[PDB]
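Q: Sequence first, structure after; it's an experimental one.
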2 protein chains.
Amino acid sequence: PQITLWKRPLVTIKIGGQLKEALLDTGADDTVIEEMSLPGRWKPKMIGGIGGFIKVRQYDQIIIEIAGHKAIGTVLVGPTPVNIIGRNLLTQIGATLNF
Amino acid sequence: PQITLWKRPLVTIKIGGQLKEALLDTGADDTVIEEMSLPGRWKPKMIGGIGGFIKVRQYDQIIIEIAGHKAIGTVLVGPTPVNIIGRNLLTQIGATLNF
Ligand SMILES: COc1ccc(S(=O)(=O)N(CC(C)C)C[C@@H](O)[C@H](Cc2ccccc2)NC(=O)O[C@H]2CO[C@H]3O[C@@H]4OCC[C@@H]4[C@H]32)cc1
Ligand SMILES: [Cl-]
Ligand SMILES: [Cl-]
Ligand SMILES: [Cl-]
Ligand SMILES: [Cl-]
Ligand SMILES: [Cl-]
Ligand SMILES: [Cl-]
Ligand code: NA
Ligand code: NA
C-alpha cells in the first residue's frame, strides 16, 4: 500500500502468535519491541535515541509478520515506549519513501 | 524521488539560513533540530524518545527547505543527537511510505 503521514504509520504485526501494533519508522535502524518473551538465546545491545541509551535484548532470526508481509530477522526487546519497525525489517517488506 | 531504506534516509535541509543534514523520520511526530538560534517567539516543551525525554524550544511557523522542497511548520530545537524531519513536515512535501 501507500501510507500518508498525517497520522502515525501504525500497522499490525504478529510475533510469537500475538498481534501487536507497531510504528513504521524510517528513522530507526533497528526494530525494537516492548517487553515480551521470545524463543532462543539473546545477545546484549545498547541503542540510543532522543533521550539517551537503553539496554535491550537482541534476538536474531525471529519470524514476524508486518502489515501482512513476512519478515525474519533481528528483534530488539526492551523498554521502548512503543513498538517500532526499523529499517532492518522495512527493507524485508520492500518499503520505500517517496515524494 | 524514491528512497530505499538500505541506508539511513538522510537529506540536505536549509533552515535559518543554514544547510544541515537530517533524517527523514516517519516514526517522529515532530521535527527536532540540534541546538541553533531561530527567530521569533518560542515556548518550552518536553518530547520523549527511547532513553526518555528532552527539553526543547518550540518555534512555530518556521520555513525549512527539505531536499529542495519548501515547507512551513513547527520546529523543535534542543539536544537531539540527530536532526529529524518528522511527520509534521513530511506531509507537506508529499512523502509517503510504499510497499
Ligand atoms: C514528538 O516528536 C518527537 C518525539 C520523539 C522523537 S524520537 O527521535 O524519540 N523517535 C520516536 C520513536 C522512538 C517513537 C523517532 C525515531 O525515528 C528515532 C530518531 C532518532 C535517531 C537517532 C538518534 C535519536 C533519535 N530513532 C530511534 O530512536 O532509533 C533507535 C532504534 O534504532 C536505532 O536507530 C537510530 O539511529 C541510531 C540510534 C537510533 C536507534 C522525535 C520526535
Ligand atoms: Cl535483521
Ligand atoms: Cl548537520
Ligand atoms: Cl545558530
Ligand atoms: Cl513526546
Ligand atoms: Cl506543524
Ligand atoms: Cl496527501
Ligand atoms: Na534467535
Ligand atoms: Na514563530
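A: Happy to help now that I have it. Numbering: from 1, shown residues only, chains lettered A, B, ... in the order given. Ligands and ions are numbered 1, 2, ... in the order given.
Q: okay, now the residue nearest to residue A:90 when sequence neighbours are not counted: neighbour count?
A: Of all residues not flanking residue A:90 in the chain, residue B:5 sits nearest, at 5.0 Å (Cβ to Cβ, 6 or more residues apart in numbering or on different chains). C-betas here are computed from N, CA, C, even on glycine. By other Cβ atoms under 10 Å in any protein chain shown, 22 other residues sit near residue B:5.
Q: With residue A:96 instead?
A: 17.
Q: cool, and residue A:19?
A: Residue A:19 has 9 nearby residues by other Cβ under 10 Å.
Q: Likewise for residue A:39?
A: Neighbour count of residue A:39, defined by other Cβ under 10 Å: 10.
Q: show me the contacts for it.
A: Residues in contact with residue A:39 (Cβ atoms under 8 Å, 6 or more residues apart in numbering or on different chains) are A:16, A:59, A:62.
Q: Next one: it from residue A:20, what distance?
A: Applying Cβ to Cβ, to the nearest Å, the value for residue A:39 to residue A:20 is 16 Å.
Q: which residues touch the residue lying closest to residue A:87 once chain neighbours are set aside?
A: Nearest non-adjacent residue to residue A:87, counting by Cβ to Cβ, 6+ apart: residue B:5, 4.5 Å away. With contacts defined as Cβ under 8 Å, 6+ apart, residue B:5 is in contact with A:26, A:87, A:90-91, A:95-97.
Q: now, which of the residues you listed sits nearest residue A:51?
A: Among the contacts of residue B:5, residue A:26 lies closest to residue A:51 (Cβ to Cβ), at 19.5 Å.
Q: Helix, strand, or coil at the closest residue to ligand 6 within chain A?
A: Closest to ligand 6 within chain A is residue A:6: 11.5 Å, counting by Cβ to the ion. With DSSP: H, G, I helix; E, B strand; the rest coil as the basis, the three-state label of residue A:6 is coil.
Q: Same question for residue A:38.
A: Recorded secondary structure, residue A:38: coil (three-state DSSP).
Q: tell me the angle the helix or strand containing residue A:61 makes with strand B:52-66.
A: Here residue A:61 is covered by strand A:52-66, with elements defined by DSSP states H and E. Using axes from the mean of the first three to the mean of the last three Cα atoms, to 10 degrees, the inter-axis angle of strand A:52-66 relative to strand B:52-66 is 70 degrees.
Q: returning to what we had before: okay, and which of the contacts of residue B:5 map to strands?
A: If you go by DSSP state E, those have A:96-97 in strands.
Q: Reformat the contacts of residue B:5 as CSV; add distance to residue B:79.
A: Formatted as CSV, the contacts of residue B:5 follow (distance: Cβ to Cβ, whole Å):
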residue, distance to residue B:79
A:26, 22
A:87, 24
A:90, 27
A:91, 30
A:95, 30
A:96, 31
A:97, 26
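Q: which of the contacts of residue B:5 count as buried?
A: Using 16 or more other Cβ atoms under 10 Å in any protein chain shown as the burial test, the contacts of residue B:5 include A:26, A:87, A:90-91, A:95-97 as buried.
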